[PDB]
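With ideal geometry, Cβ positions are generated from the backbone for all residues, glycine too; neighbour counts draw on all protein chains shown. Just so it is clear, none of the values below were taken in a lab; they were calculated from the coordinates.
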Amino acid sequence: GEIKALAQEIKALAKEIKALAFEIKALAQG
Amino acid sequence: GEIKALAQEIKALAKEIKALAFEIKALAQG
Amino acid sequence: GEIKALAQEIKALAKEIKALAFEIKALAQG
Amino acid sequence: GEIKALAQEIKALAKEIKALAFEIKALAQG
Amino acid sequence: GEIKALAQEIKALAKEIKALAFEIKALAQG
Amino acid sequence: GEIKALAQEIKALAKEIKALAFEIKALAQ
């Protein structure tokens, strides 16, 4: 399914954005 | 849903960007 | 709805990125 | 509609990211 | 469809965001 | 339509993020 695949990719994008935010915090606090 | 979760991670990313900006400011004023 | 809310979070992120850029230029200056 | 509006905010974010990339390059260039 | 193509571009964006997060970590580690 | 137009802007964003990652690498290196 194409719409089902869209839901999966949005969720995976959110996860990569969270991990980016962590690396930015670690840089800031280092 | 998925879109709301994504927006929430973007908001949290923006916050860590703001705090990185402050550390960069503080370093410069040092 | 949620698509507009996401656009608004992306607009706020863009604001914090612009402010980060300003502090990096200010660091570079001094 | 809201999907076009989102696309426009994404374009504006990309522009800020390009400007940030430049300020990082300018900081690197001794 | 256009939706499948959207899902693919979102996946590719997540991939770049992951790679940016690594570069930021490598910077931090310096 | 607007979905394709969104997909394009997301592609163009991915490109600017890849360019940002390169400048960060160069600054580290």
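Odds and ends about this structure:
- Listed peptides F:6-15, B:1-10 by packing density, highest first (mean Cβ within 10 Å): F:6-15, B:1-10
- Integer Hz, Karplus 6.51/-1.76/1.60 couplings in order for segment F:6-18, x for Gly and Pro: 4, 4, 4, 5, 5, 4, 5, 4, 4, 4, 6, 5, 5
- Cross-link reach list, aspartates and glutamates versus C:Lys4, counting only Cα pairs under 12 Å and skipping chain neighbours closer than eight places: D:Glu2, D:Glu9
- Separation of the B:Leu27 and F:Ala28 label points, Cα + 7 Å toward Cβ, nm: 1.4 nm
- Whole-Å distance, taken between Cα centres, linking chain F and chain A: 15 Å
- Candidate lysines - alpha carbon under 19 Å from D:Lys25, same-chain residues fewer than 8 apart omitted: B:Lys25, C:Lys18, C:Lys25, D:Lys15, E:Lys25, F:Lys15, F:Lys18, F:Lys25
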